[PDB]
Amino acid sequence: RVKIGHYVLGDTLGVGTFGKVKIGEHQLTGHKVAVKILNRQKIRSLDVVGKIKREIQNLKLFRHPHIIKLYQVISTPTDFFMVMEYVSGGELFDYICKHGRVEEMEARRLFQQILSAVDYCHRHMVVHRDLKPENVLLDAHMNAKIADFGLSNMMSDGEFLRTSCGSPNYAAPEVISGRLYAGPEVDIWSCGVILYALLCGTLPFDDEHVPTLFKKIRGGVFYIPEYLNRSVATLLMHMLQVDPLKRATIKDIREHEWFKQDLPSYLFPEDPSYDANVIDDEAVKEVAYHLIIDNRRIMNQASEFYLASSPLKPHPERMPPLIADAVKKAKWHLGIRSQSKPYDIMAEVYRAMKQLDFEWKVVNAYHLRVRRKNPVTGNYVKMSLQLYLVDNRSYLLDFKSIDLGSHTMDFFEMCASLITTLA
Amino acid sequence: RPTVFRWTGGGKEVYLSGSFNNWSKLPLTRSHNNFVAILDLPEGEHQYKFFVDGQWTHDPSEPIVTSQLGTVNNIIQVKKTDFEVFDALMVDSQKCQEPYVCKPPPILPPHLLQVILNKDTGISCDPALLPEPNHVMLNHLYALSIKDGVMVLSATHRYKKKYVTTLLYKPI
Amino acid sequence: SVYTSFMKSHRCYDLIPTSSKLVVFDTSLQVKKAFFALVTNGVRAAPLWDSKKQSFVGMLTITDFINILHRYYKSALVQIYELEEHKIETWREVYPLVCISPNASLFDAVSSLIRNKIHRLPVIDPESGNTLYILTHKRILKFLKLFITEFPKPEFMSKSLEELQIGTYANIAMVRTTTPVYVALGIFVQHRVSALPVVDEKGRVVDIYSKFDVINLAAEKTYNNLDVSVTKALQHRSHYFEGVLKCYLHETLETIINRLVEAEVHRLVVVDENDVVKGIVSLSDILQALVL
Ligand SMILES: N#Cc1c(O)c2c(-c3ccc(-c4ccccc4O)cc3)csc2[nH]c1=O
Ligand SMILES: Nc1ncnc2c1ncn2[C@@H]1O[C@H](COP(=O)(O)O)[C@@H](O)[C@H]1O
Ligand SMILES: Nc1ncnc2c1ncn2[C@@H]1O[C@H](COP(=O)(O)O)[C@@H](O)[C@H]1O
């Protein structure tokens, strides 16, 4: 008879992307919990030992009404027990199957809660890359419950993601192509199809042949039924845009007319009922609570004092255009370019570091982590080099900074010395 | 201080005997293919062994020991650092420079092409103001075409919860 | 009263905009290029970085551009060799860094602005050594404006300007409508004032010539002919945006502060019953009165 900390284990609810989740009932009371079980032997061979640590440190700090809460994590000499919140409504995928489609009155509500949960994750630099109606759980009151992170990852400043994970469907065009992506724009794409599957009942990109399926996704062409109104139609085409730069963001969706209707004001950070119903980020820093919170809302609602606008009265300090020798404004470009062989470029930057005395380690055939010691301050100035591919017969060398004088200036002076001594 | 004894082999019924049971046989509960039993064991080394369908058998993967008489049983070492999550991950991460090179390509991500210094801000706000930069364009160097011997560099860094795009006019 | 205890609470960090642009010059940069760079980047002033000693040494502002012009200007027939040849490092020889931590109070900011008689203060993070933002008077007063309805209103805000005696009302530096720019630039150097109200023969203010209107000589590259009148230099904006701006001695302080933050200018011209001058209430005058 299996007991793990007052909880008795029962039937398996299912096996996730990592680990087996099974229901647990309190021995004395009957309180139901879901216990995800992680084998310690699986973890070391996958080298995900550091990735489980990250997911645990983040899931225990999460607190959203539409995300499965983690109550505690029990450690055993052979396995880890992640006891968490239990819901009885089952998968959303099974709810879309029970009914034909979902009424837009209810489909809107479920979509809002889900995107709320997504937003919360992106604000904590966590991107859940396995968003699907199989991972959206339901409770007794038909509320959304995002779960099964596993394929989730953190977002660092100036760092892209590489891993092509998720279902064949629901996956962004740049994921199935194995390209580099930012993070958030992928979760919006999986939410687009989730919105489609919620309303239509079927999938926008579906084919028995997997190569032909990827062809449809990259093509980004899907059938829009006529029982979908003009309003919600525009939103879907915006969320499922192929080019990630044209694709909608969470702020874009939140301003959409179909989304703003019947929207509860407790779901989003700058909504009227948020500053009084949700404990924010001033909890860790601290009449004192209300005073600090009030200070932020004043600074927040002054969007023209902290953030620039986009194309009234001209600002007094606005500069006139510099006259001829008006001149055409110069354009800024990324790093430096070349059209020679990739091997020639790396062979050229290698001899370039000899003349400047750079110490460096090789992480990849196109990723160098260089380092120079500042002769004046004594500090070490290091940066990141990465050769990319542009168009067809074009290349680009990228420069990235790594954390008595000034670090920003040190990064600039080190780049300039390398750029000058490089053809 | 729990401890998980799982039997992965086949069988209609599996027992567990060890020093804890005084080598008596403890009935294991069955799932689909797993025979498991969680006990409360102190810190140290404990000798255990399974009994499946009639024959004394041990788990091949688990470390063994010989009691100077041919008897071979499994050995589990219940450490004190097995009951703390991070202290167990530390022992699982600890158990898991300046080169000259040697040299024995990814497509450019379209996000780094959104130059922040090339977009207008509308003649309504302070000239020093800029739009909020993407988190992935941070720390990346942007430059201009050199004109009359002066090189101009720029990058967007982050301090606390703010963003400063610094430009450096530097003659060469 | 409660205004002083306010600025002792808020750090300088609360003034820094979420995203901003910070031009920086190397000391070895040719000074002429540095002045053009200020025009192209839309920035009013830039921190100076001495590459040799690896530390910020000061600021380059439009005042420096006025100093260079006034010091070396023979005529419109001969070019200004030094302005074309000098470097930032070399000019600083012919003519200490004042900064502040972002974690320092907003009260220390206003204090450091007055004690050092400067208009722009470089906010430098002591942790990373990097420069973050350039603090000004317009930035500070506009910040307090966001909280004049949060922090209770003291008694003096309802008082007239004549009662509070705020600003300068003696020996007001002015220029004529036909006053050459060089002569105007000389007034900027001698009396060290931010702006010079322009007056006609009748004695009324027709226009105002600030220090900001001088870089327009570097923008249009008309800096080699300083013999032209001050009106000719204000012709580029004479057709649009104006303007004028002024106040009275009977107007309340609150009405005046509201007038400054709205027009986003540094000063008002205190006129009489007509358009003739009577005094100048500056932003440095108001901030000084809400600290002492
Ligand atoms: N997949 C998987 C998996 C487990 O089931 C367990 C188990 C386990 C085995 C069986 C049971 C069980 C036993 C009787 C009835 C129901 C059960 O879920 C509970 C937990 C303990 S550690 C572990 N590690 C795993 O990777
Ligand atoms: N045109 C002017 N003539 C005389 N004094 C002035 C003038 N403009 C400003 N002031 C005074 O100079 C001091 C600093 O002002 P500002 O240079 O505008 O910060 C204050 O005492 C002002 O009242
Ligand atoms: N009282 C005023 N009336 C009209 N224009 C002004 C006034 N004060 C400043 N300006 C203008 O505001 C711009 C910035 O000057 P400053 O306020 O000195 O930074 C310049 O174009 C000035 O001519």
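Every residue, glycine as well, gets a Cβ built from its backbone with ideal geometry; the counts of neighbours run over all protein chains shown. Each answer follows from the model by the rule given with it, or from the source it names; nothing here is a laboratory result.
Test B:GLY11 against the criterion of being within 16 Å of ligand 1 (Cβ to nearest atom), small (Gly, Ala, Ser) and assigned to a loop (DSSP other than H, G, I, E, B), and give yes or no.
yes
Considering only region A:306-356, state which residues are more than 20 Å from A:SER384 (Cβ to Cβ), within 37 Å of the chain's Cα centre (by Cα) and hydrophobic (A, V, I, L, M, F, W, C).
The answer is A:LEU307, A:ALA308, A:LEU312, A:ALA330.
Out of region A:366-419, which residues are within 14 Å of chain C (Cβ to nearest Cβ) and either of a type in the set (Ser, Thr, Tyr) or farther than 24 Å from B:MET151 by Cα (or both)?
A:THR377, A:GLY378, A:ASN379, A:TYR380, A:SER401, A:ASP403, A:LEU404, A:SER406, A:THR408, A:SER417
Tell me whether region A:361-375 contains one or more residues that are assigned by CATH to the domain that holds A:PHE411 and under 30 Å from C:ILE16 (Cα atoms).
Yes, that holds for at least one residue.
Hey, does region C:176-191 have a residue that's within 24 Å of C:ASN116 (Cα to Cα), within 14 Å of another protein chain (Cβ to nearest Cβ), within 13 Å of ligand 3 (Cβ to nearest atom) and within 20 Å of the chain's Cα centre (by Cα)?
Scanning region C:176-191 turns up no residue that is within 24 Å of C:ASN116 (Cα to Cα), within 14 Å of another protein chain (Cβ to nearest Cβ), within 13 Å of ligand 3 (Cβ to nearest atom) and within 20 Å of the chain's Cα centre (by Cα).
Inside region A:401-423, can you point out the residues that are outside any helix (DSSP H, G or I) and surrounded by fewer than 20 Cβ atoms within 10 Å (Cβ to Cβ)?
Those that are outside any helix (DSSP H, G or I) and surrounded by fewer than 20 Cβ atoms within 10 Å (Cβ to Cβ): A:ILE402, A:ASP403, A:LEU404, A:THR421, A:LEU422, A:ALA423.
Is there a residue being assigned to a loop (DSSP other than H, G, I, E, B), within 14 Å of another protein chain (Cβ to nearest Cβ), out of contact with any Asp or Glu (no Cβ under 7 Å at 6 or more places or on another chain) and farther than 23 Å from A:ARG230 by Cα anywhere in region A:182-189?
Yes, that holds for at least one residue.
If A:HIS141 satisfies all but one of (1) within 16 Å of ligand 1 (Cβ to nearest atom); (2) more than 14 Å from chain B (Cβ to nearest Cβ), what's the number of the condition it fails?
(1)
Residues C:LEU69, C:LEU60: which one is more than 10 Å from every other protein chain (Cβ to nearest Cβ), touching a helix residue (DSSP H, G or I) at 6+ places or on another chain (Cβ under 7 Å) and either polar (S, T, N, Q) or closer than 30 Å to A:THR377 by Cα (or both)?
Only one candidate qualifies: C:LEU60.
Identify all residues within region C:5-18 that are away from chain A (no Cβ under 11 Å) and over 23 Å from the mean Cα position of the chain (by Cα); write none if there are none.
If the condition is that a residue be away from chain A (no Cβ under 11 Å) and over 23 Å from the mean Cα position of the chain (by Cα), then C:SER5, C:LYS8 are the ones that fit.
Going through C:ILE166, C:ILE208, C:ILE215 one at a time, which residue ends up being hydrophobic (A, V, I, L, M, F, W, C), within 14 Å of another protein chain (Cβ to nearest Cβ) and within 11 Å of ligand 2 (Cβ to nearest atom)?
C:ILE208
If I ask for residues that are within 20 Å of the chain's Cα centre (by Cα), among the aliphatic types (A, V, I, L, M) and in a helix (DSSP H, G or I), which ones from region A:236-264 would you list?
Listed by number, the residues that qualify are A:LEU236, A:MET239, A:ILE250, A:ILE253.
Would you kindly identify the strands (runs of 3 or more DSSP E) lying entirely within region B:17-82 that contain at least 1 residues that are within 16 Å of ligand 1 (Cβ to nearest atom)?
Strands (runs of 3 or more DSSP E) meeting the threshold: B:35-40, B:44-52, B:72-78.
Taking region A:28-43 as the search range and keeping residues that are loosely packed, with under 14 Cβ neighbours inside 10 Å and within 14 Å of ligand 1 (Cβ to nearest atom), which one is farthest from the other protein chains (Cβ to nearest Cβ)?
A:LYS42
Within region A:140-185, restricting attention to residues that are crowded, with 20+ Cβ neighbours inside 10 Å and β-branched (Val, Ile, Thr), which residue is nearest to B:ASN134 (Cα to Cα)?
Among those that are crowded, with 20+ Cβ neighbours inside 10 Å and β-branched (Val, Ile, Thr), it is A:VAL175.
Could you check region A:87-111 and list, in sequence order, the residues that are outside any loop (DSSP other than H, G, I, E, B), in contact with a helix residue (DSSP H, G or I) (Cβ under 7 Å, 6 or more places away or on another chain) and not small (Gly, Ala, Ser)?
Those that are outside any loop (DSSP other than H, G, I, E, B), in contact with a helix residue (DSSP H, G or I) (Cβ under 7 Å, 6 or more places away or on another chain) and not small (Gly, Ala, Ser): A:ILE96, A:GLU104, A:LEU110, A:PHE111.
Please go through (1) under 15 Å from B:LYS170 (Cβ atoms); (2) surrounded by fewer than 18 Cβ atoms within 10 Å (Cβ to Cβ) for C:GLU82 and return the number of the only condition it doesn't satisfy.
The single condition C:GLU82 does not satisfy is (1).
Which condition number does B:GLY122 fail, the rest of (1) within 7 Å of another protein chain (Cβ to nearest Cβ); (2) surrounded by 18 or more Cβ atoms within 10 Å (Cβ to Cβ) being met?
For B:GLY122, the exception is condition (2).
May I ask you to verify whether A:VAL83 is more than 16 Å from ligand 3 (Cβ to nearest atom) and either away from chain B (no Cβ under 14 Å) or within 23 Å of the chain's Cα centre (by Cα) (or both)?
no
In region B:70-89, how many are at the interface with chain A (Cβ under 9 Å from one of its Cβ atoms) and not aromatic (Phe, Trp, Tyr)?
Residues that pass the stated criteria total 10.
Is it the case that C:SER238 is under 21 Å from the mean Cα position of the chain (by Cα) and in a loop (DSSP other than H, G, I, E, B)?
Yes: the conditions hold for C:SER238.
Restricting to region C:1-46, give me the number of residues that are in a strand (DSSP E or B) and aliphatic (A, V, I, L, M).
4
Where in region A:1-54 are there strands (runs of 3 or more DSSP E), lying fully within it, with 2 or more residues that are charged (D, E, K, R) and more than 16 Å from ligand 2 (Cβ to nearest atom)?
So the answer is A:20-26, A:32-39.
Say we look at region C:241-257 and pick out the residues that are within 16 Å of ligand 3 (Cβ to nearest atom) and not in a loop (DSSP other than H, G, I, E, B); which of these is farthest from the other protein chains (Cβ to nearest Cβ)?
In this case the residue turns out to be C:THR255.
In this structure, does C:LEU226 turn out to be of a type in the set (A, V, I, L, M), out of contact with any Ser or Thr (no Cβ under 8 Å at 6 or more places or on another chain) and within 14 Å of another protein chain (Cβ to nearest Cβ)?
So C:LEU226 does not fit the description; no.
Go through (1) in a loop (DSSP other than H, G, I, E, B); (2) under 30 Å from A:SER417 (Cβ atoms) for C:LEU77 and report which single condition fails.
Condition (2) is where C:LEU77 drops out.
Of the residues in region C:258-272, how many are under 12 Å from C:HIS137 (Cα atoms) and either more than 9 Å from ligand 3 (Cβ to nearest atom) or part of a helix (DSSP H, G or I) (or both)? Reasoning before the result, please.
Step one: filter region C:258-272 for residues under 12 Å from C:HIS137 (Cα atoms), giving C:260-261, C:264-267.
From the residues that got through so far, the ones that are either more than 9 Å from ligand 3 (Cβ to nearest atom) or part of a helix (DSSP H, G or I) (or both) too are C:260-261.
Of the residues in region C:258-272, 2 are under 12 Å from C:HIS137 (Cα atoms) and either more than 9 Å from ligand 3 (Cβ to nearest atom) or part of a helix (DSSP H, G or I) (or both).
If C:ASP26 satisfies every condition in (1) among the acidic types (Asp, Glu); (2) over 30 Å from B:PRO131 (Cα atoms); (3) within 12 Å of chain A (Cβ to nearest Cβ) but one, which is the exception?
(2)
Identify, please: which residue in region B:136-165 is touching a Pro at 6+ places or on another chain (Cβ under 9 Å) and at the interface with chain A (Cβ under 7 Å from one of its Cβ atoms) and is, among those, surrounded by the most Cβ atoms within 10 Å (Cβ to Cβ)?
B:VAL136
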